[PDB]
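S.K.: Dropping the structure in here first, questions after.
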Amino acid sequence: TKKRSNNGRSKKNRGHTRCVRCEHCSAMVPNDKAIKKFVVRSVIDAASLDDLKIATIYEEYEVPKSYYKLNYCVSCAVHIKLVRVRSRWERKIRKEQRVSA
Amino acid sequence: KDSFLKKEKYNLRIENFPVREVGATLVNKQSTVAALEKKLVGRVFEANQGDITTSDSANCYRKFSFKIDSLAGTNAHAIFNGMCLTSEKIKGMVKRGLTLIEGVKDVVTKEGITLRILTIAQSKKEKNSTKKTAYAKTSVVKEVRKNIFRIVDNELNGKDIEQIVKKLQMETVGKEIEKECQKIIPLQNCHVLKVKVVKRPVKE
Amino acid sequence: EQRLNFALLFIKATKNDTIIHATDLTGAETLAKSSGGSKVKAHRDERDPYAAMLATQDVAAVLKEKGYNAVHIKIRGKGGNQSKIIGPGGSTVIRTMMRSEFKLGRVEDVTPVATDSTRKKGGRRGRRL
RNA sequence: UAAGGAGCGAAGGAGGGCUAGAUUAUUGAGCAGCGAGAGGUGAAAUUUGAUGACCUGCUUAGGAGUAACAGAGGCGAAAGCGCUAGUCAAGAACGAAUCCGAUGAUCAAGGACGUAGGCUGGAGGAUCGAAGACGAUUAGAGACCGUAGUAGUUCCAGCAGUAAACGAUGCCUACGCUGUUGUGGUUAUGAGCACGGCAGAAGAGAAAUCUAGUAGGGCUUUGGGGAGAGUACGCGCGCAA
Ligand SMILES: [K+]
Ligand SMILES: [K+]
Ligand SMILES: [K+]
Ligand SMILES: [K+]
Ligand SMILES: [K+]
Ligand SMILES: [K+]
Ligand SMILES: [K+]
Ligand SMILES: [K+]
Ligand SMILES: [K+]
Ligand SMILES: [K+]
Ligand SMILES: [K+]
Ligand SMILES: [K+]
Ligand SMILES: [K+]
Ligand SMILES: [K+]
Ligand SMILES: [K+]
Ligand SMILES: [K+]
Ligand SMILES: [K+]
Ligand SMILES: [Mg+2]
Ligand SMILES: [Mg+2]
Ligand SMILES: [Mg+2]
Ligand SMILES: [Mg+2]
Ligand SMILES: [Mg+2]
Ligand SMILES: [Mg+2]
Ligand SMILES: [Mg+2]
Ligand SMILES: [Mg+2]
Ligand SMILES: [Zn+2]
């Protein structure tokens with residue numbers, strides 16, 4: 001029986017879409033189906049900022065950040081616990097997740 | 001056999017900026033001036049605008065590149081070789097719900113050097129407005145891009161390198177673009193993204 | 001008192017290993033070089049924060065001998081069509097250099113990103129485990 | 001004619017063919033610096049390095065691709081289509097006092113297109129990798145994992161004719177409740193027209209749910225308990241498959 005109204009993907013009014021590759025296992029997954037995750041990570045860890053304050057030559061310094069978008073296939077997303085199995089009424093709830101660091 | 005002992009330091013010098021001397025580089029000692037030329041000439045380095053100027057700590061997002069050209073005693077003299085924005089700036093600028101506008105153009109200095117320029121701009125969401133996204137229509141993007149090319153042609157084509165370098169320092173092209181193109185659509189983050197030297201004329 | 005005598009330090013930090021390498025400002029002359037795998041025995045430890053830290057100290061020592069005082073840092077992962085997150089160990093090289101006496105200039109992420117790319121290894125199904 | 005075709009005006013789109021350019025990246029060679037390991041995994045071995053690897057510079061040579069922006073967004077008959085300029089035909093929608101007047105719906109036979117993999121000839125050959133060969137793991141692995149490696153993967157001129165080619169829902173044409181959110185034009189600024197998404201309701205249905213409500217409107221395809229069987233014989237296409 002049909003488990004989801006949208007077939008588990010975001011394609012509508014189209015024939016075909018570009019593929020992308022999974023970060024964890026390099027499998028091909030369609031772009032409109034892949035699980036997506038955003039990361040904004042400081043170059044320097046929080047446990048070093050108190051040393052940075054005496055190491056730097058400049059009057060003040062702003063740490064550089066690094067930015068990423070990651071893609072996962074279903075198997076990897078479930079195994080890494082980005083997503084979890086949910087009850088028949090919960091399946092319908094849609095909410096934006098946090099940006100990781 | 002401590003080869004490090006047998007090395008000569010030389011000081012790097014630059015022009016058209018507030019700070020003249022920027023560091024020093026090693027070479028193995030050699031008998032003949034022809035050898036030292038062939039070893040030092042052709043080397044390259046890069047420096048942040050914040051290091052070679054006295055300036056607001058905000059201006060750290062840009063780097064300049066120089067190629068070694070000539071030797072005189074202790075000093076190596078080096079010439080302009082390109083400009084680049086820092087990775088943090090490029091990556092941090094792009095945001096969801098807005099359009100990027102991008103362009104590539106070629107120009108010729110009076111000195112005969114040919115340069116290739118990359119340019120970027122972003123659309124902006126107006127105040128007192130409630131729609132979630134502020135994308136730009138594809139035909140409108142072509143109007144902005146058409147304008148950008150005449151601005152770059154007016155500002156930089158057929159000039160000296162001494163003039164170009166100061167225009168890049170003061171960020172005049174970005175400022176002109178934001179002024180000129182406002183009539184088409186509102187924009188933000190207008191910048192020259194990269195400058196690359198393509199051909200240098202065969203000269204003595 | 002003294003002026004700041006600067007060197008470049010390059011750092012590569014993958015899932016498998018970490019490589020540390022100091023040069024003149026031109027990048028065309030080498031002052032000192034080490035890796036996590038140089039110091040440790042077991043292959044599974046070459047990425048270890050500990051092996052990175054041991055390997056950094058040797059590099060810091062040779063630079064202090066050659067008379068350097070200050071450092072600019074350019075750091076990367078593997079990039080290309082492969083992984084582009086900085087690996088473990090990368091962020092401990094930097095903190096170690098600060099416990100040694102060195103003054104830090106500027107830090108930059110210089111991972112090679114591709115505007116589009118050649119085909120990645122692994123086939124259409126990917127690794128099965 | 002809230003039937004069709006021809007035409008006018010302003011505009012929109014990863015629709016298609018061609019010409020000329022582009023920022024990086026992955027490999028390969030040259031040269032320079034340094035002097036011991038690199039790679040790969042859950043953990044390791046094949047393997048490569050003093051004929052100087054790895055990593056960092058500068059030069060070059062090729063052949064693919066267009067990241068992030070990028071979406072329950074757009075375009076196309078479907079298959080499918082994402083860098084920038086210039087060029088060549090035709091189409092859809094919208095606005096309105098343009099022209100002709102039944103020119104129309106659906107369709108055996110017959111004709112044109114059709115991802116990928118495959119085949120016939122030419123160009124080329126970076127990356128990836130059927131077959132084949134090793135290293136491990138196992139009672140045994142011929143497999144999964146790692147090293148390596150060929151046909152193919154790209155282009156031009158053709159053949160072939162299959163897909164879970166699926167929203168598993170034929171094509172025209174009707175009658176039908178509300179709220180919300182998009183895309184492109186137009187606007188007495190109140191709204192409409194075309195193409196969508198979403199959430200309830202009422203009916204319906206074995207339920208799950210709703211392209212499924214109401215109904216002797218028109219036309220084509222198609223099923224009749226499991227198996228044997230989409231197989232045998234004959235016939236038609238194809239170089240073969
Ligand atoms: K399909
Ligand atoms: K999904
Ligand atoms: K390892
Ligand atoms: K080792
Ligand atoms: K060892
Ligand atoms: K065209
Ligand atoms: K084909
Ligand atoms: K085999
Ligand atoms: K065996
Ligand atoms: K294998
Ligand atoms: K391979
Ligand atoms: K055909
Ligand atoms: K045919
Ligand atoms: K069929
Ligand atoms: K449609
Ligand atoms: K039914
Ligand atoms: K038969
Ligand atoms: Mg099931
Ligand atoms: Mg498993
Ligand atoms: Mg070598
Ligand atoms: Mg792009
Ligand atoms: Mg028409
Ligand atoms: Mg083929
Ligand atoms: Mg039909
Ligand atoms: Mg039967
Ligand atoms: Zn995966």
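Just remember, in the structure tokens the first chain shown is A, the second B, etc., residues are 1-based per chain, and ligands are 1-based in the order shown.
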May I have the residues of chain B within 10 Å of chain A, counting only C-alpha atoms, written as a VMD selection string?
M.R.: chain B and resid 57 to 58 87 to 89 91 to 92
S.K.: Residues up to 10 Å from ligand 5, counting only C-alpha atoms (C1' of nucleotides) and all ligand atoms: could you list those as a ChimeraX atom specification?
M.R.: /C:37-43 /D:36-37
S.K.: Keeping only C-alpha atoms (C1' of nucleotides), take the residues you just selected and write them out as a PDB file, in the first residue's frame.
M.R.:
```pdb
ATOM      1  CA  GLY C  37      52.327   9.054  11.022  1.00  0.00           C
ATOM      2  CA  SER C  38      55.981  10.036  11.637  1.00  0.00           C
ATOM      3  CA  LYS C  39      55.637   9.870  15.445  1.00  0.00           C
ATOM      4  CA  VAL C  40      53.017   7.145  16.133  1.00  0.00           C
ATOM      5  CA  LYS C  41      53.184   3.335  15.587  1.00  0.00           C
ATOM      6  CA  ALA C  42      49.597   2.082  14.948  1.00  0.00           C
ATOM      7  CA  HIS C  43      47.937   3.049  11.635  1.00  0.00           C
TER       8      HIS C  43
ATOM      9  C1'   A D  36      61.164   9.674   5.356  1.00  0.00           C
ATOM     10  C1'   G D  37      57.375   7.722   4.895  1.00  0.00           C
TER      11        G D  37
END
```
S.K.: Could you name the residues that touch residue 9 (chain A) at 7 Å or less, counting only C-alpha atoms (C1' of nucleotides), but leaving out those on the same chain fewer than 2 positions away, as a PyMOL selection string?
M.R.: chain A and resi 6-7+11+32-33
S.K.: List all protein, DNA and RNA residues that have an atom no more than 9 Å from any atom of ligand 7, counting only C-alpha atoms (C1' of nucleotides) and all ligand atoms, and report them as number ranges by chain.
M.R.: D: 115-118
S.K.: Output N, CA, C and O atoms (P, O5', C5', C4', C3', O3' and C1' of nucleotides) for every residue in that selection, as a PDB file, in the first residue's frame.
M.R.:
```
ATOM      1  P     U D 115      16.532   8.097 -26.018  1.00  0.00           P
ATOM      2  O5'   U D 115      17.111   8.201 -24.520  1.00  0.00           O
ATOM      3  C5'   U D 115      17.096   9.468 -23.793  1.00  0.00           C
ATOM      4  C4'   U D 115      17.333   9.229 -22.314  1.00  0.00           C
ATOM      5  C3'   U D 115      18.548   8.365 -21.960  1.00  0.00           C
ATOM      6  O3'   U D 115      19.773   9.113 -21.993  1.00  0.00           O
ATOM      7  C1'   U D 115      16.678   7.673 -20.671  1.00  0.00           C
ATOM      8  P     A D 116      21.093   8.424 -22.610  1.00  0.00           P
ATOM      9  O5'   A D 116      21.251   7.059 -21.793  1.00  0.00           O
ATOM     10  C5'   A D 116      21.827   7.047 -20.457  1.00  0.00           C
ATOM     11  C4'   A D 116      21.575   5.684 -19.845  1.00  0.00           C
ATOM     12  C3'   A D 116      22.371   4.520 -20.446  1.00  0.00           C
ATOM     13  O3'   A D 116      23.669   4.439 -19.860  1.00  0.00           O
ATOM     14  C1'   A D 116      20.099   3.888 -20.268  1.00  0.00           C
ATOM     15  P     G D 117      24.951   4.231 -20.817  1.00  0.00           P
ATOM     16  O5'   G D 117      24.887   2.670 -21.196  1.00  0.00           O
ATOM     17  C5'   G D 117      25.226   1.658 -20.198  1.00  0.00           C
ATOM     18  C4'   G D 117      24.584   0.347 -20.600  1.00  0.00           C
ATOM     19  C3'   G D 117      25.025  -0.268 -21.930  1.00  0.00           C
ATOM     20  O3'   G D 117      26.264  -0.969 -21.801  1.00  0.00           O
ATOM     21  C1'   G D 117      22.676  -0.332 -21.788  1.00  0.00           C
ATOM     22  P     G D 118      27.327  -0.924 -23.010  1.00  0.00           P
ATOM     23  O5'   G D 118      26.570  -1.583 -24.270  1.00  0.00           O
ATOM     24  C5'   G D 118      26.475  -3.031 -24.377  1.00  0.00           C
ATOM     25  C4'   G D 118      25.612  -3.423 -25.556  1.00  0.00           C
ATOM     26  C3'   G D 118      26.212  -3.194 -26.946  1.00  0.00           C
ATOM     27  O3'   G D 118      27.190  -4.203 -27.263  1.00  0.00           O
ATOM     28  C1'   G D 118      23.882  -2.626 -26.916  1.00  0.00           C
TER      29        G D 118
END
```
S.K.: At a cut-off of 8 Å, list the chain D residues touching chain A, using only C-alpha atoms (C1' of nucleotides), as a PyMOL selection string.
M.R.: chain D and resi 72+80+208
S.K.: Only N, CA, C and O atoms (P, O5', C5', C4', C3', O3' and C1' of nucleotides), please: the residues just picked out, written as a PDB file, in the first residue's frame.
M.R.:
```pdb
ATOM      1  P     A D  72      10.663  23.474  -0.563  1.00  0.00           P
ATOM      2  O5'   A D  72       9.491  22.567  -1.191  1.00  0.00           O
ATOM      3  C5'   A D  72       8.350  23.227  -1.793  1.00  0.00           C
ATOM      4  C4'   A D  72       7.743  22.352  -2.861  1.00  0.00           C
ATOM      5  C3'   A D  72       6.356  22.790  -3.335  1.00  0.00           C
ATOM      6  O3'   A D  72       6.537  23.651  -4.467  1.00  0.00           O
ATOM      7  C1'   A D  72       6.471  20.397  -3.003  1.00  0.00           C
ATOM      8  P     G D  80      14.011  10.457 -18.878  1.00  0.00           P
ATOM      9  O5'   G D  80      14.398  11.903 -19.431  1.00  0.00           O
ATOM     10  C5'   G D  80      15.744  12.213 -19.850  1.00  0.00           C
ATOM     11  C4'   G D  80      15.670  13.428 -20.758  1.00  0.00           C
ATOM     12  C3'   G D  80      16.308  14.728 -20.265  1.00  0.00           C
ATOM     13  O3'   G D  80      17.691  14.776 -20.639  1.00  0.00           O
ATOM     14  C1'   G D  80      14.105  15.162 -21.069  1.00  0.00           C
ATOM     15  P     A D 208     -10.166   3.374   6.378  1.00  0.00           P
ATOM     16  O5'   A D 208      -8.698   3.548   5.761  1.00  0.00           O
ATOM     17  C5'   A D 208      -7.607   2.798   6.357  1.00  0.00           C
ATOM     18  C4'   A D 208      -6.478   2.655   5.359  1.00  0.00           C
ATOM     19  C3'   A D 208      -6.001   3.953   4.702  1.00  0.00           C
ATOM     20  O3'   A D 208      -5.035   4.597   5.525  1.00  0.00           O
ATOM     21  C1'   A D 208      -6.373   2.287   3.037  1.00  0.00           C
TER      22        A D 208
END
```
S.K.: D:113, D:88, D:64, D:235: which is nearest residue 154 (chain D), counting only C-alpha atoms (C1' of nucleotides)?
M.R.: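 Of the candidates, the smallest distance to residue 154 (chain D) is held by D:64.
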S.K.: Using DSSP on the backbone, list every residue of chain A that comes out as alpha helix (DSSP H), and give them as a VMD selection string.
M.R.: chain A and resid 49 to 55 74 to 79
S.K.: Give me a file of those residues, with N, CA, C and O atoms, as an mmCIF file, in the first residue's frame.
M.R.:
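Listed below is the output, result_13.cif:
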```
data_model
loop_
_atom_site.group_PDB
_atom_site.id
_atom_site.type_symbol
_atom_site.label_atom_id
_atom_site.label_comp_id
_atom_site.auth_asym_id
_atom_site.auth_seq_id
_atom_site.Cartn_x
_atom_site.Cartn_y
_atom_site.Cartn_z
ATOM 1 N N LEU A 49 39.900 30.117 22.383
ATOM 2 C CA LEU A 49 39.657 31.546 22.220
ATOM 3 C C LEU A 49 40.327 32.388 23.310
ATOM 4 O O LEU A 49 40.704 33.536 23.056
ATOM 5 N N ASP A 50 40.508 31.808 24.504
ATOM 6 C CA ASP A 50 41.177 32.462 25.624
ATOM 7 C C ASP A 50 42.699 32.532 25.457
ATOM 8 O O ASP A 50 43.343 33.361 26.101
ATOM 9 N N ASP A 51 43.284 31.655 24.630
ATOM 10 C CA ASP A 51 44.688 31.738 24.230
ATOM 11 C C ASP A 51 44.857 32.687 23.041
ATOM 12 O O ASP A 51 45.832 33.443 22.979
ATOM 13 N N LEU A 52 43.906 32.653 22.097
ATOM 14 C CA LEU A 52 43.909 33.525 20.931
ATOM 15 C C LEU A 52 44.038 34.997 21.336
ATOM 16 O O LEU A 52 44.740 35.776 20.680
ATOM 17 N N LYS A 53 43.383 35.364 22.440
ATOM 18 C CA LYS A 53 43.385 36.720 22.980
ATOM 19 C C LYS A 53 44.767 37.218 23.406
ATOM 20 O O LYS A 53 44.960 38.429 23.486
ATOM 21 N N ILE A 54 45.732 36.315 23.644
ATOM 22 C CA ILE A 54 47.108 36.683 23.986
ATOM 23 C C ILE A 54 48.113 36.345 22.878
ATOM 24 O O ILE A 54 49.219 36.889 22.872
ATOM 25 N N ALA A 55 47.720 35.479 21.932
ATOM 26 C CA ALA A 55 48.560 35.056 20.814
ATOM 27 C C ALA A 55 48.553 36.049 19.644
ATOM 28 O O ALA A 55 49.592 36.242 19.013
ATOM 29 N N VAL A 74 18.989 7.976 2.233
ATOM 30 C CA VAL A 74 18.082 7.490 3.266
ATOM 31 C C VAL A 74 18.761 6.577 4.288
ATOM 32 O O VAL A 74 18.639 6.831 5.491
ATOM 33 N N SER A 75 19.484 5.552 3.829
ATOM 34 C CA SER A 75 20.135 4.569 4.691
ATOM 35 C C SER A 75 21.129 5.202 5.662
ATOM 36 O O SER A 75 21.182 4.837 6.841
ATOM 37 N N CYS A 76 21.927 6.145 5.155
ATOM 38 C CA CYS A 76 22.937 6.842 5.927
ATOM 39 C C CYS A 76 22.280 7.794 6.928
ATOM 40 O O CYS A 76 22.691 7.812 8.083
ATOM 41 N N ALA A 77 21.248 8.541 6.516
ATOM 42 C CA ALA A 77 20.558 9.480 7.389
ATOM 43 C C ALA A 77 19.915 8.779 8.591
ATOM 44 O O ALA A 77 20.000 9.284 9.709
ATOM 45 N N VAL A 78 19.330 7.596 8.376
ATOM 46 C CA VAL A 78 18.718 6.770 9.416
ATOM 47 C C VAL A 78 19.783 6.191 10.347
ATOM 48 O O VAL A 78 19.602 6.189 11.568
ATOM 49 N N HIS A 79 20.894 5.705 9.786
ATOM 50 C CA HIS A 79 21.977 5.077 10.535
ATOM 51 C C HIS A 79 22.782 6.068 11.383
ATOM 52 O O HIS A 79 23.173 5.751 12.501
#
```
S.K.: Mind checking which residues fall within 6 Å of region 48-53 of chain B, counting only C-alpha atoms (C1' of nucleotides), ignoring those fewer than 3 positions away in the same chain, and posting them as a list in words?
M.R.: residues 18, 19, 60, 62 and 63 of chain B
S.K.: Which residue out of D:225, D:89, D:62, D:240 has the minimum interatomic distance to ligand 25 when only C-alpha atoms (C1' of nucleotides) and all ligand atoms are used?
M.R.: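 The closest residue to ligand 25 is D:225.
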S.K.: Distance atom 1 (K, counted along the ligand's line) of ligand 15-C1' of residue 179 (chain D), one decimal place?
M.R.: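 Between atom 1 (K, counted along the ligand's line) of ligand 15 and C1' of residue 179 (chain D) the gap works out to 24.5 Å.
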S.K.: Near chain A, which residues of chain C fall within 7 Å when you count only C-alpha atoms, and what do they look like as a ChimeraX atom specification?
M.R.: /C:91,95,98,103-105,122-127
S.K.: As a VMD selection string, could you give me every residue of chain D near chain B (at most 9 Å apart, counting only C-alpha atoms (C1' of nucleotides))?
M.R.: chain D and resid 12 to 13 22 to 23 32 57 to 58 68 to 71 84
S.K.: Generate the output file for the selected residues, N, CA, C and O atoms (P, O5', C5', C4', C3', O3' and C1' of nucleotides), as a PDB file, in the first residue's frame.
M.R.:
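As written to disk, part-v2.pdb reads:
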```pdb
ATOM      1  P     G D  12      10.023  40.713 -20.161  1.00  0.00           P
ATOM      2  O5'   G D  12       9.674  39.176 -19.861  1.00  0.00           O
ATOM      3  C5'   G D  12       9.553  38.761 -18.477  1.00  0.00           C
ATOM      4  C4'   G D  12       8.900  37.403 -18.432  1.00  0.00           C
ATOM      5  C3'   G D  12       9.802  36.197 -18.704  1.00  0.00           C
ATOM      6  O3'   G D  12      10.396  35.774 -17.482  1.00  0.00           O
ATOM      7  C1'   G D  12       7.789  36.027 -19.960  1.00  0.00           C
ATOM      8  P     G D  13      11.978  35.496 -17.457  1.00  0.00           P
ATOM      9  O5'   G D  13      12.096  33.950 -17.877  1.00  0.00           O
ATOM     10  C5'   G D  13      11.593  32.932 -16.957  1.00  0.00           C
ATOM     11  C4'   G D  13      11.385  31.627 -17.691  1.00  0.00           C
ATOM     12  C3'   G D  13      12.600  31.028 -18.405  1.00  0.00           C
ATOM     13  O3'   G D  13      13.550  30.463 -17.493  1.00  0.00           O
ATOM     14  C1'   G D  13      10.633  30.793 -19.726  1.00  0.00           C
ATOM     15  P     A D  22      38.607  31.555 -23.362  1.00  0.00           P
ATOM     16  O5'   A D  22      37.728  31.688 -22.026  1.00  0.00           O
ATOM     17  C5'   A D  22      37.692  32.946 -21.329  1.00  0.00           C
ATOM     18  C4'   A D  22      36.861  32.784 -20.076  1.00  0.00           C
ATOM     19  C3'   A D  22      37.347  31.758 -19.048  1.00  0.00           C
ATOM     20  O3'   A D  22      38.275  32.406 -18.183  1.00  0.00           O
ATOM     21  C1'   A D  22      35.007  31.498 -19.427  1.00  0.00           C
ATOM     22  P     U D  23      39.411  31.537 -17.444  1.00  0.00           P
ATOM     23  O5'   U D  23      39.017  31.505 -15.883  1.00  0.00           O
ATOM     24  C5'   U D  23      38.537  32.695 -15.186  1.00  0.00           C
ATOM     25  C4'   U D  23      37.892  32.310 -13.873  1.00  0.00           C
ATOM     26  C3'   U D  23      38.565  31.166 -13.106  1.00  0.00           C
ATOM     27  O3'   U D  23      39.656  31.608 -12.304  1.00  0.00           O
ATOM     28  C1'   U D  23      36.231  30.748 -13.273  1.00  0.00           C
ATOM     29  P     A D  32      66.069  21.048 -11.346  1.00  0.00           P
ATOM     30  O5'   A D  32      65.505  21.879 -10.095  1.00  0.00           O
ATOM     31  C5'   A D  32      65.922  23.248  -9.902  1.00  0.00           C
ATOM     32  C4'   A D  32      65.068  23.878  -8.829  1.00  0.00           C
ATOM     33  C3'   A D  32      65.175  23.261  -7.433  1.00  0.00           C
ATOM     34  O3'   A D  32      66.328  23.755  -6.767  1.00  0.00           O
ATOM     35  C1'   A D  32      62.910  23.781  -7.957  1.00  0.00           C
ATOM     36  P     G D  57      51.169  26.072  -3.021  1.00  0.00           P
ATOM     37  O5'   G D  57      52.084  27.195  -3.707  1.00  0.00           O
ATOM     38  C5'   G D  57      52.959  26.708  -4.717  1.00  0.00           C
ATOM     39  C4'   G D  57      54.208  27.541  -4.833  1.00  0.00           C
ATOM     40  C3'   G D  57      54.435  28.000  -6.274  1.00  0.00           C
ATOM     41  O3'   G D  57      53.902  29.313  -6.378  1.00  0.00           O
ATOM     42  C1'   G D  57      56.215  26.606  -5.617  1.00  0.00           C
ATOM     43  P     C D  58      52.888  29.687  -7.576  1.00  0.00           P
ATOM     44  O5'   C D  58      53.911  30.583  -8.439  1.00  0.00           O
ATOM     45  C5'   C D  58      53.843  30.539  -9.874  1.00  0.00           C
ATOM     46  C4'   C D  58      55.130  30.039 -10.487  1.00  0.00           C
ATOM     47  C3'   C D  58      54.920  29.611 -11.935  1.00  0.00           C
ATOM     48  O3'   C D  58      54.920  30.778 -12.729  1.00  0.00           O
ATOM     49  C1'   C D  58      56.242  27.998 -10.818  1.00  0.00           C
ATOM     50  P     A D  68      24.343  23.082  -6.171  1.00  0.00           P
ATOM     51  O5'   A D  68      24.885  24.226  -5.189  1.00  0.00           O
ATOM     52  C5'   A D  68      24.807  23.969  -3.760  1.00  0.00           C
ATOM     53  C4'   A D  68      25.544  25.046  -3.005  1.00  0.00           C
ATOM     54  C3'   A D  68      24.753  26.332  -2.786  1.00  0.00           C
ATOM     55  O3'   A D  68      23.946  26.161  -1.624  1.00  0.00           O
ATOM     56  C1'   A D  68      26.999  26.818  -3.489  1.00  0.00           C
ATOM     57  P     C D  69      22.376  26.522  -1.694  1.00  0.00           P
ATOM     58  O5'   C D  69      22.334  27.913  -2.493  1.00  0.00           O
ATOM     59  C5'   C D  69      21.403  28.962  -2.128  1.00  0.00           C
ATOM     60  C4'   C D  69      21.420  30.048  -3.184  1.00  0.00           C
ATOM     61  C3'   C D  69      20.271  29.995  -4.195  1.00  0.00           C
ATOM     62  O3'   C D  69      19.102  30.656  -3.679  1.00  0.00           O
ATOM     63  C1'   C D  69      22.331  30.260  -5.339  1.00  0.00           C
ATOM     64  P     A D  70      17.659  29.975  -3.910  1.00  0.00           P
ATOM     65  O5'   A D  70      17.878  28.425  -3.567  1.00  0.00           O
ATOM     66  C5'   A D  70      16.721  27.550  -3.558  1.00  0.00           C
ATOM     67  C4'   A D  70      17.013  26.250  -4.281  1.00  0.00           C
ATOM     68  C3'   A D  70      18.216  25.410  -3.824  1.00  0.00           C
ATOM     69  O3'   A D  70      17.872  24.035  -3.990  1.00  0.00           O
ATOM     70  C1'   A D  70      18.420  25.878  -6.120  1.00  0.00           C
ATOM     71  P     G D  71      17.435  23.125  -2.740  1.00  0.00           P
ATOM     72  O5'   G D  71      16.036  23.772  -2.279  1.00  0.00           O
ATOM     73  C5'   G D  71      14.779  23.206  -2.733  1.00  0.00           C
ATOM     74  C4'   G D  71      13.649  24.167  -2.417  1.00  0.00           C
ATOM     75  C3'   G D  71      12.216  23.704  -2.726  1.00  0.00           C
ATOM     76  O3'   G D  71      11.250  24.282  -1.831  1.00  0.00           O
ATOM     77  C1'   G D  71      12.719  25.595  -4.039  1.00  0.00           C
ATOM     78  P     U D  84      24.165  31.900 -17.834  1.00  0.00           P
ATOM     79  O5'   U D  84      24.972  33.056 -18.606  1.00  0.00           O
ATOM     80  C5'   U D  84      25.934  33.847 -17.876  1.00  0.00           C
ATOM     81  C4'   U D  84      26.874  34.506 -18.853  1.00  0.00           C
ATOM     82  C3'   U D  84      26.236  35.033 -20.138  1.00  0.00           C
ATOM     83  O3'   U D  84      25.573  36.268 -19.861  1.00  0.00           O
ATOM     84  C1'   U D  84      28.294  33.927 -20.619  1.00  0.00           C
TER      85        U D  84
END
```
S.K.: At a cut-off of 12 Å around ligand 17, and using only C-alpha atoms (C1' of nucleotides) and all ligand atoms, what residues come up? Please write them as a ChimeraX atom specification.
M.R.: /D:230-235
S.K.: What parts of chain B does DSSP call strand (DSSP E or B)? I'd like the answer as a PyMOL selection string.
M.R.: chain B and resi 7-13+21-28+44-48+62-72+75-85+98+100-108+114-123+134+187-199
S.K.: Rounded to one decimal place, report the CA of residue 31 (chain B)-CA of residue 26 (chain C) distance in Å.
M.R.: 22.4 Å
S.K.: Can I get the residues close to ligand 6 as a list in words, where close means within 8 Å and we count only C-alpha atoms (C1' of nucleotides) and all ligand atoms?
M.R.: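 Written in the requested form, the residues are residues 16, 17 and 87 of chain D.
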S.K.: Quick one: write out the picked residues with N, CA and C atoms (P, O5', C5', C4', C3', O3' and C1' of nucleotides) as a PDB file, in the first residue's frame?
M.R.:
```pdb
ATOM      1  P     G D  16      16.582  22.781 -24.261  1.00  0.00           P
ATOM      2  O5'   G D  16      16.584  22.672 -25.851  1.00  0.00           O
ATOM      3  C5'   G D  16      16.209  21.430 -26.469  1.00  0.00           C
ATOM      4  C4'   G D  16      16.024  21.683 -27.948  1.00  0.00           C
ATOM      5  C3'   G D  16      17.268  22.104 -28.738  1.00  0.00           C
ATOM      6  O3'   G D  16      18.166  21.022 -29.021  1.00  0.00           O
ATOM      7  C1'   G D  16      15.438  23.460 -29.355  1.00  0.00           C
ATOM      8  P     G D  17      19.759  21.204 -28.807  1.00  0.00           P
ATOM      9  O5'   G D  17      20.236  21.758 -30.238  1.00  0.00           O
ATOM     10  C5'   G D  17      20.054  20.925 -31.420  1.00  0.00           C
ATOM     11  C4'   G D  17      20.198  21.770 -32.663  1.00  0.00           C
ATOM     12  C3'   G D  17      21.534  22.492 -32.848  1.00  0.00           C
ATOM     13  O3'   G D  17      22.589  21.624 -33.268  1.00  0.00           O
ATOM     14  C1'   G D  17      19.751  23.953 -33.381  1.00  0.00           C
ATOM     15  P     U D  87      21.967  39.327 -32.443  1.00  0.00           P
ATOM     16  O5'   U D  87      21.798  38.017 -33.362  1.00  0.00           O
ATOM     17  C5'   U D  87      22.458  37.940 -34.664  1.00  0.00           C
ATOM     18  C4'   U D  87      22.442  36.512 -35.154  1.00  0.00           C
ATOM     19  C3'   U D  87      21.056  35.932 -35.434  1.00  0.00           C
ATOM     20  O3'   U D  87      20.656  36.306 -36.747  1.00  0.00           O
ATOM     21  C1'   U D  87      22.405  34.351 -34.258  1.00  0.00           C
TER      22        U D  87
END
```
S.K.: For the interface of chain D with chain C (cut-off 8 Å, counting only C-alpha atoms (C1' of nucleotides)), please tabulate each contacting residue of chain D alongside its nearest pair of atoms and their separation in Å to one decimal, rows sorted by chain and increasing number, as a Markdown table.
M.R.:
```
| residue | atom | partner | partner_atom | distance |
| --- | --- | --- | --- | --- |
| D:23 | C1' | C:115 | CA | 7.8 |
| D:24 | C1' | C:114 | CA | 5.4 |
| D:25 | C1' | C:114 | CA | 4.5 |
| D:26 | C1' | C:118 | CA | 6.3 |
| D:32 | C1' | C:28 | CA | 7.9 |
| D:33 | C1' | C:29 | CA | 5.2 |
| D:34 | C1' | C:30 | CA | 6.1 |
| D:37 | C1' | C:38 | CA | 7.3 |
| D:55 | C1' | C:21 | CA | 7.2 |
| D:56 | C1' | C:27 | CA | 5.9 |
| D:57 | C1' | C:28 | CA | 4.6 |
| D:64 | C1' | C:118 | CA | 6.7 |
| D:65 | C1' | C:117 | CA | 5.5 |
| D:66 | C1' | C:116 | CA | 5.1 |
| D:67 | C1' | C:115 | CA | 4.7 |
| D:127 | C1' | C:118 | CA | 5.4 |
| D:128 | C1' | C:119 | CA | 5.9 |
| D:144 | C1' | C:128 | CA | 7.0 |
```
